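The chain below stands alone and is given as structure tokens, in the form deposited in one PDB entry.
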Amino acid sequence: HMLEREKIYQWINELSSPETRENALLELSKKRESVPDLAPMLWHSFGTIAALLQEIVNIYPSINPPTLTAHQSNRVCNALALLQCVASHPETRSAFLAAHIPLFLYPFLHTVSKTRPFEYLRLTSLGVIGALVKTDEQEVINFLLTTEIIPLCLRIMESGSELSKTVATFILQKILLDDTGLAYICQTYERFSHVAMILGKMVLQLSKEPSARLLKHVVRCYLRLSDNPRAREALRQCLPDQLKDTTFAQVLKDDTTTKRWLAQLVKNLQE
């Protein structure tokens, strides 16, 4: 098993050179679940984070016009996968943020091409942001609110794949759950309205194409929004009918948590 650890060190060293990087990316991304301290080793070694950023930026010419191939996508997504581990680790999270690394991912979140290489690119990039907000750190939310992350998420919640919609809605949910996040989104009618309009569209979609995990997050978002008095007033007058009738009764019987959340939502809107 000592041979295992030395393979890892070697791959990490082999990330700096473009000659050996692609294979090292592949191998490291496979073992990121079995190597607990992978993230600090990547962060604190020479040139490693720089190489991962390099992989990201070198994809930019293939974004617009959209020409990204499966091969290009698979490679950068291996890099993105390693950045997700760095974003998640309590030892590297703060430094990852201070270096503003998420900003170099936003161009990927902005793509709209519906080909498989781009959808995987977007989903893997969302996964990095997802890893960030799962730590429930206030510094993360404040950083995200400084950036254009919310309209990026809203576009994906509107038009993305089921998976991408779910991760993006989860990101929105985490932001909303933060007191600062809620106040930000409810600061203007325009901001709130845009969010509410997207959730409404999603609810309609969900009535035609069921998704338990996406519905859960949508419901949680509405529930959190109703903690804000102005949002509560607006939701009294514009909550989707499908959330008030039996449209989701069947799918929700197995989902006790979401069920309680929806009932709590309805209860809030009466008061």
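C-alpha atoms forming the largest set that superposes within 1.5 Å between two forms make up the rigid core. Start at 1 with the first residue shown and count on from there.
Superposing on the core and measuring CA offsets in 8 other deposited structures of this protein, the stretch of 252-260 and 21-29 with the greater mean deviation is 252-260. A fit on the rigid core, followed by a root mean square over CA positions in 8 other deposited structures of this protein, ranks 31-39 against 221-229 and picks 31-39 as the more shifted one. Higher mean CA temperature factor, per the PDB entry, when comparing 50-58 with 24-32: 24-32. The stretch with the higher mean CA B factor, choosing between 161-169 and 122-130, is 161-169. Annotation for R191: C-alpha temperature factor in the highest third relative to the rest of the modelled chain, per the entry.
In the deposited entry, the Cα temperature factor of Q72 places it in the middle third of its chain's modelled residues.
In the deposited entry, the Cα temperature factor of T115 sits in the middle third of values across the chain's modelled residues.
Ranked by C-alpha B-factor against the other modelled residues of its chain, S94 falls in the lowest third. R230 sits in the highest third of its chain by CA B factor, as recorded in the PDB entry.
There is another form of this protein, the form deposited with a partner chain bound, and it is not shown here; the text below is about that form.
Not displayed here, its partner chain is kept clear of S113 by more than 4.5 Å at the level of heavy atoms in the deposited complex. Using a 4.5 Å cutoff between non-hydrogen atoms, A131 counts as a contact of its partner chain in the deposited complex. Mapping the unseen interface onto this chain, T257 counts among the residues with a heavy atom inside 4.5 Å of its partner chain in the deposited complex. Although the partner is absent here, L176 is not a contact residue: none of its heavy atoms lies within 4.5 angstroms of its partner chain in the deposited complex. The candidate site formed by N78, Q84 and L123 is fully in contact with its partner chain in the deposited complex, as each residue has a non-hydrogen atom within 4.5 angstroms of it.
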